[PDB]
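Reading through the structure tokens given below for one structure.
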Amino acid sequence: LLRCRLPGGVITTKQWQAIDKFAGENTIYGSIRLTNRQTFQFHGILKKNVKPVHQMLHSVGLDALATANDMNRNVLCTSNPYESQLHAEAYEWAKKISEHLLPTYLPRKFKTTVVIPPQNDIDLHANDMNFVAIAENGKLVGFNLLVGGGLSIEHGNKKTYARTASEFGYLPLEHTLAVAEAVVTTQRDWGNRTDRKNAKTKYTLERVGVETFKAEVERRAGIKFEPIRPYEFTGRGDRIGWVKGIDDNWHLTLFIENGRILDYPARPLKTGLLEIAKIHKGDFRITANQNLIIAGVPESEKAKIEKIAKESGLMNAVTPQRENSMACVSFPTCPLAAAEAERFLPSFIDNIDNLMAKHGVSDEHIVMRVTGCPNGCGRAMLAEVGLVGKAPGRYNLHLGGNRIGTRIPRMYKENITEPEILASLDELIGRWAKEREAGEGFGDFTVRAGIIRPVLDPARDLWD
Ligand code: SRM
Ligand code: SF4
Ligand SMILES: [K+]
């Protein structure tokens, strides 16, 4: 298992050129796969090239997590905040937390984020430990801490469940690392190590109680949490296209379907990104939606960068629906896959695009995700519409998440095929188009209309 460490998804153009060369010359599939934890993966490396890939990463200042004994995963950080001036400091803290957690053997892997409201692009409720940034005058002052998210479930096993993260309270910036260590060590000590399926923090919190865990974290960190400071999310999507950053700098976010970077007929995505890497003056940022930001372009350079991106297929227009859909890797490389996900999504969303046009909502979107098995890597269990692989060509259909990702969708239909999913969504999208209130999301609508019951307390009411 290769898990390249890249806190906050920030990667230099020198680093990009090295991984581009390795992917093209030293792997079966020839691709760079952006992951939804803001890093990248190679597929099909070979025995003769495993030692070369660690040397390659080292040659450009990169390292892979020692997954055999390191239970941490990549630390996420909001990639393209609306208050652009906050990114540098938030990214600095994501790096500090990432380095602080480098090798205490944990009972189960442990996932952390740094979030900048109003964007929940990093999907905080899928993670064990979340630091929600609070700022004054463009300067970070502290974090709200939320603990205990996690999406993995086992089909037919009602002792497993997806869970959102719970608010603990606010901490001043100076206590960040002490709090992070206290959460990790409390989970290390209290987690159910013997039963790996019960070992995640989400289960520990439900076993001992949120207040009990929170009080122990306060004891170990030497602090008392303050009341939560106000925050609200408005969405989870990337900002596709150009946005203005700090100074005279501009950020170009490129939609990349499934994060799969390869040269395709008439769409040389991989060569195009290499060409951009050779001239770009800043860094790249891999997003948690498997897209790529060409970050910090001076205004005078926009035309040159855009020319390469448009000619290479990296700026081919897609619907808002496609921009807000995601799938995991699944087949052909995942050994755990039950149903296709990545290879299913492009034609599935072609069909969804037709339904959206049919019902006159082609400018709208539904956060729609496909995960190839119930491990949940595609984050379908935070979607408005989630598909969870069951068997070849068959999925459980979940409805009733929301746009901002703070609610688990309940299972609506079990073990059905794509034609059955599309027939159901045709009916439901049509109802939503006609009956929605102003600005009302599809997931909120399915709950309000009584199409599906909401999940209010997943440890006790996720399963029917
Ligand atoms: C690449 C990625 C999906 C993607 O399309 O982007 C992915 C791919 C895989 N994940 Fe993951 N997971 C990815 C995000 C996730 C997430 C979502 C997230 O973290 O934001 C989850 C659900 C959140 C959570 O953990 O609760 C996730 C939960 C899992 C699990 C179930 C963990 C559990 O608690 O039970 C496994 C299976 C396991 O660990 O035993 C797993 C295992 C795997 C493996 C390594 C399969 C394996 O064990 O052999 C996958 C390799 C597929 C392949 O061929 O490349 N992956 N995986 C993501 C890589 C992120 C990264 O850079 O580290
Ligand atoms: S969800 Fe299942 S199929 Fe998809 S990548 Fe994760 S483990 Fe593989
Ligand atoms: K994408």
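For the single chain, residues carry numbers from 1 onward in sequence order. Heavy-atom basis, side chains included; hydrogens, waters and symmetry copies ignored.
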Could you check whether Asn291 and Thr253, counting side-chain N and O atoms only, form a donor-acceptor pair closer than 3.5 Å? no
Is there a donor-acceptor contact under 3.5 Å from the side chain of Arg410 to the main chain of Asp461? yes
Short question: side chain of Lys270, backbone of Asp20 - any donor-acceptor pair under 3.5 Å? yes
Check the angle between the aromatic planes of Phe40 and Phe42 and answer parallel, tilted or perpendicular using the 30° and 60° thresholds. perpendicular
For atom CZ of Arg196, is the number of surrounding heavy atoms from other residues, nucleotides or ligands below 6.0 Å larger than 12? no
Before you tell me yes or no, could you show the steps for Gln187 and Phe213 under side chain to side chain contact (heavy atoms under 4.5 Å, CB included), namely the whole-Å CA-CA distance, both residues' side-chain angles and the distance that decides it to 0.1 Å? CA-CA 9 Å; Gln187 162 60 11; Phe213 199 114; 4.2 Å; yes
Taking atom NZ of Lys51 as the centre, report whether more than 12 heavy atoms of other residues, nucleotides or ligands fall under 6.0 Å from it. yes
Side-chain (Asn324) to main-chain (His365) donor-acceptor, under 3.5 angstrom: no
Heavy atoms of other groups near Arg453 CZ, more than 12 under 6.0 Å: no
Greater than 12 external heavy atoms within 6.0 Å of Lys197's NZ: no
Chi angles and distances behind the side chain to side chain contact (heavy atoms under 4.5 Å, CB included) call for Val385, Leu397: CA-CA 7 Å; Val385 173; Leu397 174 60; 3.8 Å; yes
Determine whether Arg343 and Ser330 make a side-chain contact, defined as any pair of heavy atoms from C-beta on separated by less than 4.5 Å. no
So, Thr287 and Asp238: side-chain donor and acceptor under 3.5 Å apart, yes or no? yes
Any side-chain donor-acceptor pair under 3.5 Å between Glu167 and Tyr231? yes
Assert yes or no for the condition that the ring centre distance of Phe344 to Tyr395 is strictly below 6.0 Å. yes
Derivation of the side chain to side chain contact (heavy atoms under 4.5 Å, CB included) call for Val53 and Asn49: CA-CA 6 Å; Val53 77; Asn49 294 314; 6.0 Å; no
Working to the nearest 0.5 angstrom, can you tell me the gap between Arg3 CZ and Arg73 CZ? 6.0 Å
Please name the residue in the list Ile97, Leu146, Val115, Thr113 that meets the side chain to side chain contact (heavy atoms under 4.5 Å, CB included) test with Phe131. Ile97
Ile19 vs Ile11 side-chain heavy atoms within contact, under 4.5 Å: yes
State plainly whether the residues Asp444 and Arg407 are in salt-bridge range, i.e. N to O under 4.0 Å. yes
Verify whether one side chain among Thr160 and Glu154 offers a donor that lies under 3.5 Å from an acceptor in the other. no
Assess whether atom CD of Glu218 is packed by more than 12 heavy atoms of other residues, nucleotides or ligands within 6.0 Å. yes
Going by atom types alone, do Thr406 and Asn402 pair a side-chain donor with an acceptor below 3.5 Å? yes
Would you please test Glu89 and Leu173 for side chain to side chain contact (heavy atoms under 4.5 Å, CB included) and show each step? CA-CA 11 Å; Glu89 194 168 10; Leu173 198 52; 3.8 Å; yes
Tell me, with the steps shown, if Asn249 and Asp247 meet side chain to side chain donor-acceptor pair (under 3.5 Å). CA-CA 6 Å; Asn249 278 12; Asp247 307 309; 5.4 Å; no
Kindly write out the residues that satisfy side-chain hydrogen bond (donor to acceptor under 3.5 Å, both in side chains) with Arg37, not counting sequence neighbours, or none if the list is empty. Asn127
